[PDB]
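Visitor: Chain order of the listed sequences is A, B and C. According to our numbering, the first sequence is numbered sequentially starting from 347. According to our numbering, the second sequence is numbered sequentially starting from 635. According to our numbering, the third sequence is numbered sequentially starting from 272. Where a beta carbon is used, it is the ideal one built from N, C-alpha and C, also for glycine.
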Amino acid sequence: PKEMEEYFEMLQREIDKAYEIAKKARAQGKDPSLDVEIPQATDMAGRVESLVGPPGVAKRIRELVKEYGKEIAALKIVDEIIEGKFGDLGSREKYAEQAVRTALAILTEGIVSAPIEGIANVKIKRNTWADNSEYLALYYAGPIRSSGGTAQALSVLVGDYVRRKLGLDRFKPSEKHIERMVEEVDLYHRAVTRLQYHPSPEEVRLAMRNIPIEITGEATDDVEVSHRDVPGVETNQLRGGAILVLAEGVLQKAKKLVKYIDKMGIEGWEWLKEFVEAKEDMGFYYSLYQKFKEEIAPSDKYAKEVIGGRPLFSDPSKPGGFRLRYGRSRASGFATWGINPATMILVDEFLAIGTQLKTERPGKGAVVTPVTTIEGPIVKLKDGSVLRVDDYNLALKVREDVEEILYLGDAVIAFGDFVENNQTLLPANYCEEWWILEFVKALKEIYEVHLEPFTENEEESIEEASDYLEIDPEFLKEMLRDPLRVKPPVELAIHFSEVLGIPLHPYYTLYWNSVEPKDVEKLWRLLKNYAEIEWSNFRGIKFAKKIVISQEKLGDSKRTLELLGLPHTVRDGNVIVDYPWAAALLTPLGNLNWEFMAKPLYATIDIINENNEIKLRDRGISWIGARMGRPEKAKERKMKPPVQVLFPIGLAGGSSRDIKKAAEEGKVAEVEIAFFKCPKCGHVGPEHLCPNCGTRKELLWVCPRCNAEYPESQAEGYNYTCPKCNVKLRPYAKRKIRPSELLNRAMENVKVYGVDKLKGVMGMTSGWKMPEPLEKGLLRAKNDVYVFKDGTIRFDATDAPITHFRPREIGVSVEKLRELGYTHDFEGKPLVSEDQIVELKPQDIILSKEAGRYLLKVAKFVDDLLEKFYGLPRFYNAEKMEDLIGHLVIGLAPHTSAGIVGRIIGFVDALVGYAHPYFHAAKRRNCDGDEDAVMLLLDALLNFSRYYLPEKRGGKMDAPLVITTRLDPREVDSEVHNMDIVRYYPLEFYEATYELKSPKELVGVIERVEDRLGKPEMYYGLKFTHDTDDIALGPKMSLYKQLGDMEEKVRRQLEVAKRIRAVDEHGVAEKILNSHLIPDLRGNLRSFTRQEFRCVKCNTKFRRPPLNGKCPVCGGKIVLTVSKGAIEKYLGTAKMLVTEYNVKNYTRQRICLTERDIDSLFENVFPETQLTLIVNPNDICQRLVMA
Amino acid sequence: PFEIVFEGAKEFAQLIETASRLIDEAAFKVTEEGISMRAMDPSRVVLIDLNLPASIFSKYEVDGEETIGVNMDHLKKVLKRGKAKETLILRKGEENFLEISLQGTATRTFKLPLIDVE
Amino acid sequence: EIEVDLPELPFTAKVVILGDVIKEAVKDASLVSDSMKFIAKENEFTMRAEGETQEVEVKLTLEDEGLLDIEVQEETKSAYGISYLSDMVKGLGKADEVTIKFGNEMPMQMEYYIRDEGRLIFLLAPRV
DNA sequence: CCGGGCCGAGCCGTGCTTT
DNA sequence: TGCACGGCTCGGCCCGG
Ligand SMILES: [Mg+2]
Ligand SMILES: [Zn+2]
Ligand SMILES: [Zn+2]
Ligand SMILES: [Zn+2]
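1) In chain order, what residues of the same chain lie with their CB nearer than 6 Å to the CB of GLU641 (chain A), ignoring the 5 residues before and after it?
2) Cα-Cα, which of A:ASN937, A:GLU1033, A:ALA1305, A:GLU1161 is closest to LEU1120 (chain A)?
3) Give the list of continuous beta strand (DSSP E) stretches no shorter than 3 residues that lie fully inside the region 1426–1473 of chain A.
4) Any heavy atom of ligand 1 closer than 6 Å to the CB of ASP1274 (chain A)?
5) So for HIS1412 (chain A), helix, strand or coil by DSSP?
6) Restricting to Cα atoms, I'd like to know which of A:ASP1373, A:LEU1419, A:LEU1379, A:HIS1372 is closest to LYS1395 (chain A).
7) If you measure from each residue's Cβ to the nearest non-hydrogen atom of ligand 3, which ones come out under 6 Å, in chain order?
8) Does any residue of chain A bring its CB to less than 7 Å from the CB of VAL679 (chain B)?
9) Tell me whether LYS1443 (chain A) counts as near ligand 4, meaning its Cβ is closer than 6 Å to at least one heavy atom of that ligand.
10) So, for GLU1438 (chain A): in the same chain, excluding its five sequence neighbours on each side, which residues have a beta-carbon less than 8 Å away from its beta-carbon?
11) Alpha carbon to alpha carbon, how far is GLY436 (chain A) from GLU443 (chain A)?
12) Expressed to the nearest angstrom, what Euclidean distance is found between the alpha-carbon atoms of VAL1131 (chain A) and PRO1176 (chain A)?
13) For the region 316–329 of chain C, which residues have a CB atom closer than 8 Å to at least one CB atom of chain B, in sequence order?
14) Please decide whether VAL292 (chain C) counts as near chain B, where near means a Cβ-Cβ distance under 7 Å.
15) Determine, for residue 771 (chain B), whether the minimum Cβ-Cβ distance to residues of chain C falls below 7 Å.
16) For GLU480 (chain A), write down the residues that DSSP places opposite it in a beta bridge.
17) Let's test the definition: count the other Cβ atoms within 10 Å of the Cβ of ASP477 (chain A) and tell me whether it reaches 16, buried, or not, exposed.
18) Confirm, please, whether the CB-CB distance from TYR793 (chain A) to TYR814 (chain A) is below 7 Å.
19) For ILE452 (chain A), is the classification buried or exposed, using 16 other Cβ atoms within 10 angstroms of its Cβ as the cut-off for buried?
20) Cβ of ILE1520 (chain A) less than 7 Å from any chain B Cβ?
21) By a C-beta neighbour count over all protein chains shown, 10 Å radius and 16 as the cutoff for buried, is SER354 (chain C) buried or exposed?
22) By the 10 Å Cβ neighbour count, where 16 or more other Cβ atoms means buried, how is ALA1054 (chain A) classified, buried or exposed?
23) If you compare alpha carbons, which of A:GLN897, A:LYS1105, A:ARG516 is closest to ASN473 (chain A)?
24) Just reading off the alpha helix (DSSP H) that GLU1486 (chain A) is part of, what are its end residues?
25) Based on DSSP bridge pairs, tell me the residues matched to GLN737 (chain B).
26) Let me know if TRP615 (chain A) comes out buried or exposed under the rule of 16 or more other beta-carbons within 10 Å of its beta-carbon.
27) Grouping DSSP H, G and I as helix and E and B as strand, with all else coil, what is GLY1063 (chain A)?
28) Verify the CB distance criterion: does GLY364 (chain C) have a CB-CB separation below 7 Å to chain B?
29) So does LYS471 (chain A) have its beta carbon nearer than 6 Å to some heavy atom of ligand 2?
30) On the premise that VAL861 (chain A) lies in contact with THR950 (chain A), defined as a C-beta separation below 8 Å, what is that separation, rounded to the nearest angstrom?
31) Taking three-plus beta-carbon pairs below 8 Å as touching, is the region 286–304 of chain C in contact with the region 316–332 of chain C?
32) Can you list the residues of chain C that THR721 (chain B) reaches, using a CB-CB cut of under 7 Å?
33) Assuming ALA698 (chain A) contacts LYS1382 (chain A) (C-beta within less than 8 Å), just tell me the rounded distance between them.
34) Skipping 5 residues on each side, what residues in its chain have a beta carbon closer than 8 Å to that of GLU809 (chain A)?
35) Could you tell me which chain C residues have their CB closer than 8 Å to the CB of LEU746 (chain B), listed as they occur along the chain?
36) What residue ranges within the region 1107–1160 of chain A form continuous beta strand (DSSP E) runs of no fewer than 3 residues, ordered along the chain?
Written as structure tokens, this is what we have:
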């Protein structure tokens, strides 16, 4: 209501404070422009008006959006521009281009760069071959490959709408057009990329023959088609940008596209809609398992390929894998999973905070976060004992003795992930958050006492309930407050189940349905005959306290105890089950009072419930599969060769483009650069201020034909065209520069003399070829920071979500938080302690410590710049990373042209960037493996310029052309609108899971972010289900990053697979790996006999080596492009995999023939001349042949 | 628990460095007579055998017999840290750690963890 | 020009040694570990370097030739980086006396004379 | 004590189943 | 788009003659 307004006012105040200094510095004339080059917006209309224009459209956009919506407003704006009420523009194509750009900016919220980069040109073409009638064609460049399916589809749709409104005929191709398009699709798939999608030829034919526009563009790849010289096309190469929009755009997003069309009320696409429509007795648990297998079938698409070094953590839907839990933690929910740190530790630290893994059920991909309120693995030690490693320290302690991982642990997956991907709900395993609801309901129904979990209750109700149940009121309050951490003792749980009539507490339930009733029958017989047990009493309830049975008598039933997840120990040839876990096993079996007998068409829990008086629920029925990929990252950003100043040097600096070295040797460099001329005296050089008089200079325009030089004032009168010729001038020309004088002047200017290296660029890629001042480069070199293409310093890190935090996790005092603005905790009580949970504001971020270490250097560089180059007071004044708290940054995604402002409040000790889910959505990012940048606001304000951007096509991608100062959840994204914000899932959800419903049938029972849109409470109150002790607890670096060799990687991965019981290494892992080494072996062997030799001095490539033996027209030797060692680098690991594991004979023979083929090719060039002292190095090929 | 004293650590370093060029890991057999070693390189083309009876050693003290294995690179570096006129001392206790000390102008002791080799 | 000067500090322990021993000790510590620890007691000066797994121990006594004298006000120990120590101790002569002063978690001071009248001083900060 | 030899670093290159 | 091989150059150490 008012706290949000105060927050946004403070943000604007700080932004103004930085902008004033940036404006003051830039007005001295030491930079390409006399003002800052990053305007600030406030909403979608401002971003659209800035990025594409035309001027004044912001008001119309706002009013139309408030009246109708978004799509209707976009189309009405299209019509308004077409009628031409914003000023005369010119030809028809100009009107069409402007309308399509503005509309596609309006529909995508004006963040992605598709309107500016993807669309290269719109033109009108005539159907010359058949009718000669007009039609519209859209030229698509390379950067359209990044926009997204929705962006491509909406571009196609808006082009179709504009061409319909322009009175143009439908596009009408020939048959050769269709054939060429099919061949292009096939060539792109088999030579460039898999496209993550592959429509059938008939589907593509339908689309191409039904698409009313020409989807074309310039060439992008070096491949030529066979259907050459097709009319109407000015190229015979692969036009990737033209086919991507067809494949992954309209075709791959048919449902969303048709929904959009229906919303817009435009017809003519009924064929696409039709295409989408065409695309469209026994025991209780026995039946439930059957139905579950029938409806939700296992999926395998995630494990179709395993790379070397990236382990597989579970087989598809195999018991013993990841136990599904429904919930959302403090720092998970957007697309991430919650994992216990003990499971991270006990898999050899292959999993670390922020590591991506390719999942199976809900989506494809997620990021792992530590949750300490769920369960960890159950392991079997080397002496035969079973343990429950639910703790981080215990996992660290017992890691060496582990022999098998009986169970892997839980995974917390949000309900909003199932709604997004449209996945049928899998049955829910029994847990504490379900038991507590059943407990409360039964208490109310039997005694008429009202209580609520996860909150605070009235004292009178607590006293009544405690008196009825005869327990401590304080214990009742504690258990109702945190049911996930406080559990009753086993005898008390049995007493509750006796009195109220509810299943046994899920903590003392074993995995009964993981064994067959016959095994339990055998075990019952053994326990009844040869076991010694000690009994107890509690309120008239008898329970076991200890079981001792000899190992020889127990026999092969010890595996049943291990598969039930029962902790025991072995001592002196006996197996002992101790206090909490003797009743866990003997109470369900009736304390050996009724015999256990197997039945057909029944499960273990069914028999237990049919015969016993205390009921049980299936503790584990749903499992998930996952696999490792893409370790985390919190590293900086550098160019391919690192750069520190945007100054051209050529080859005068060497391979490393060292400007200082070139300056020292008195060399002279010739490069294309822009010169400026002082109006008063006549100094000429690559500078913006004249050293003699210190007055701003003017750019020199040069005629390419006669080399006449014209100042900026003169060229304006001539319209930038030479008088003596009729050709356009240029702002630059090839010129000679002496690095020594310039570097000495810069050194004298900033008083920085000790810099040893100063890297530059070979040549400038912009169309102005303006250089950057050398003083900035010297200061950057001194402070050890690097520059980016647009003149900014950036830091890249993986992103994770967070909505609530503890002051102790991020190392910030309560007084500092109160100064920043935080006053309460997420329950309304005042903030007085560092153990309380405080809700995060939408635009506050939590950096890592690597980010802090780098941004300290960046802050020092900015302070030095302000003090030395500009002569202004310093700004940050920081000595440690915690002096940056309260300072602003800019977040930017690599595929967008707009940024958003954020504030620093603390640091963690992981390799991820934590932030609100709204913050990541505002950048159009999904939070399941994506990486984004951050930069200090003042650095970008001072340094960023629009004259340094490459001119190729996508020089404007990944650049802050505009920044957003406020956050609006209504226009950030659409995947974050499905997140759930309830404190706990209701009982109805749990009961409906057993019916295998779909999430859409119960979308109104669980509150999501969508339900609150529009109302003031979309920044105010959001909640979570699962708590966490620490948000950065667990391993911080993946073990994959410290393995050197490929053989070592494969060995460690295979050992991990051996340990886990639900992976089945022995042949599946090795076969799927061999189908990653065999392709390399065979491809390199084939490519060796048809290679292309190259010259080591030049880069010219010859089909076959010169007869002389040395490069003619050069003074260098001839080298290979496919060395001999490139073929056989993975042969040792392949032979190890074939000889150590159980693979099919086909693969073994393939490897054994590959070795012979490698040996036989080089028989006449590398004869086997060296004899050996000993033979038989455990070869498998020779043994196979001999057998 | 043994106490072996060798004069001229430089010669010992040279001998071990020469031995280590072809191979990577080896097991030293120590008995009441001396120290013996033998191994074959990974390419199965060279076999190196070395022995050092107690006569050469200035002081020898061994009870029984044991085999001690250690990486050749780390041992080579530690020996290279020795000087021309120092006296090398190889000593070990019950704990399975190899303690190397060089006693010249000053006494410096390094610890080198053990390794088991087939 | 930037003016900086540090006042006299209370140095509990003070030991003077020769350049060669410190040079070799720093080299060994760099060989095993990344940091060094200076521990001195009554008539005993030792300097350790604990690696990830390995260990280095160098100890000396006034009765040894390495040291020239010792005076320890009380028990002392500290740690310092190895990079700066290697940079500054490098180039030391064999027959050169070096005076080292340090205490508990406070910067160490090393100094030696040039031609009996000149002097070069270093002030190495501690770790942690 | 001056000079070769040897060994990282750091740039430019290739290549990653296909009757 | 990350990995694995193979041509230079290019200084900082060393060690012996
Ligand atoms: Mg994503
Ligand atoms: Zn001038
Ligand atoms: Zn001209
Ligand atoms: Zn050539």
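Guide: On the basis of the coordinates in this document:
1) As a first step, residue 641 (chain A) is located in the first sequence; it is residue number 295 there, counting from the start. The residues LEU1342, in chain order, have a CB closer than 6 Å to that of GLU641 (chain A) in the same chain once the five nearest residues on each side in sequence are set aside.
2) Walking along the first sequence from the start, residue 1120 (chain A) turns up at place 774. It is A:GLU1033.
3) With a minimum length of 3 residues, the unbroken runs of beta strand (DSSP E) contained wholly in the region 1426–1473 of chain A fall at 1439–1441.
4) Position 928 of the first sequence, counted from the start, is the residue given in the question as residue 1274 (chain A). Result yes, Cβ under 6 Å from ligand 1.
5) Here residue 1412 (chain A) is taken as the residue at index 1066 of the first sequence, counted from 1. In the structure shown, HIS1412 (chain A) adopts helical secondary structure according to DSSP, grouped into three states.
6) Along the first sequence, read from residue 1 onward, the residue named residue 1395 (chain A) stands at position 1049. Answer by Cα proximity: A:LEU1419.
7) Those residues, listed in chain order, are A:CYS1049, A:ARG1051, A:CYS1052, A:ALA1054, A:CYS1068, A:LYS1070, A:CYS1071.
8) By one-based count along the second sequence, residue 679 (chain B) stands at place 45. For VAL679 (chain B), the answer is yes, since a Cβ of chain A falls inside 7 Å of its Cβ.
9) Here residue 1443 (chain A) refers to the residue found at position 1097 when the first sequence is read from its first residue. Distances from the CB of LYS1443 (chain A) to the heavy atoms of ligand 4 include at least one below 6 Å.
10) Sequence index remark: in the first sequence, residue 1438 (chain A) carries index 1092 (1-based). Within the same chain, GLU1438 (chain A) has close Cβ partners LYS1447, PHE1448, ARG1449, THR1467.
11) Walking along the first sequence from the start, residue 436 (chain A) turns up at place 90. Walking along the first sequence from the start, residue 443 (chain A) turns up at place 97. So the two alpha carbons sit approximately 11 Å from each other.
12) Residue 1131 (chain A) sits at position 785 when you count from the first residue of the first sequence. Residue 1176 (chain A) sits at position 830 when you count from the first residue of the first sequence. Those two C-alpha atoms are separated by around 42 Å.
13) Answer in chain order: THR324, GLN325, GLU326, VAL327, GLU328, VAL329.
14) Within the third sequence, numbered from 1, the residue matching residue 292 (chain C) stands at position 21. So yes, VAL292 (chain C) belongs to the interface.
15) Absent from the structure is residue 771 (chain B), since the part of chain B shown begins at 635 and ends at 752.
16) Looking up residue 480 (chain A) in the first sequence gives position 134. BP columns for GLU480 (chain A) point to A:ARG472.
17) Within the first sequence, the letter at position 131 stands for residue 477 (chain A). Around the beta carbon of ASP477 (chain A), fewer than 16 other beta carbons sit within 10 angstroms, so the residue counts as exposed.
18) Within the first sequence, numbered from 1, the residue matching residue 814 (chain A) stands at position 468. Within the first sequence, numbered from 1, the residue matching residue 793 (chain A) stands at position 447. The criterion of a C-beta distance shorter than 7 Å is satisfied by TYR814 (chain A) and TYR793 (chain A).
19) Counting from one through the first sequence, the residue named residue 452 (chain A) turns up at place 106. Buried, since its Cβ has 16 or more Cβ neighbours within 10 Å.
20) Reading the first sequence from its first residue, position 1174 is the one you call residue 1520 (chain A). Interface residue, yes.
21) As a working note, residue 354 (chain C) is residue 83 in the third sequence. Its Cβ having fewer than 16 others within 10 Å, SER354 (chain C) is exposed.
22) Position 708 of the first sequence, counting from 1, holds the residue named residue 1054 (chain A). An exposed status is given to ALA1054 (chain A), since fewer than 16 other beta-carbon atoms sit within 10 Å of its beta-carbon.
23) Indexing the first sequence from 1 puts residue 473 (chain A) at position 127. With distances taken between Cα atoms, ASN473 (chain A) lies closest to A:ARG516.
24) In the first sequence, the residue the question calls residue 1486 (chain A) occupies position 1140. Start and end: 1477–1486.
25) For the purposes of this step, residue 737 (chain B) is identified with residue 103 of the second sequence, where counting begins at 1. Bridge partners of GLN737 (chain B) according to DSSP: B:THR721, B:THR741.
26) Working through the first sequence from its first residue, we reach residue 615 (chain A) at position 269. Burial state of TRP615 (chain A) is buried, judged by a 10 Å Cβ sphere holding 16 or more other Cβ atoms.
27) As a working mapping, residue 1063 (chain A) is identified with position 717 in the first sequence. In the structure shown, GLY1063 (chain A) adopts helical secondary structure according to DSSP, grouped into three states.
28) For this step, residue 364 (chain C) is matched to residue 93 along the third sequence. Nearest CB-CB separation between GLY364 (chain C) and chain B: not below the 7 Å threshold.
29) As a working mapping, residue 471 (chain A) is identified with position 125 in the first sequence. Outside the cutoff, so no.
30) As a working note, residue 950 (chain A) is residue 604 in the first sequence. As a working note, residue 861 (chain A) is residue 515 in the first sequence. Confirmed, about 6 Å.
31) Using a C-beta cut-off of 8 Å, the region 286–304 of chain C makes contact with the region 316–332 of chain C, since at least three inter-stretch Cβ pairs fall below that distance.
32) On the second sequence, position 87 is the one that residue 721 (chain B) refers to. At a C-beta separation below 7 Å, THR721 (chain B) has no neighbours in chain C, since its nearest C-beta there lies roughly 16 Å away.
33) Looking up residue 698 (chain A) in the first sequence gives position 352. Looking up residue 1382 (chain A) in the first sequence gives position 1036. Between the beta-carbon of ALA698 (chain A) and that of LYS1382 (chain A) there is about 6 Å, and that keeps the pair under the 8 Å contact cut.
34) In the first sequence, the residue the question calls residue 809 (chain A) occupies position 463. The residues are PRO819.
35) Translated into positions along the second sequence, residue 746 (chain B) becomes position 112. Correct list: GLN325.
36) Runs of the beta strand (DSSP E) inside the region 1107–1160 of chain A: 1141–1147.
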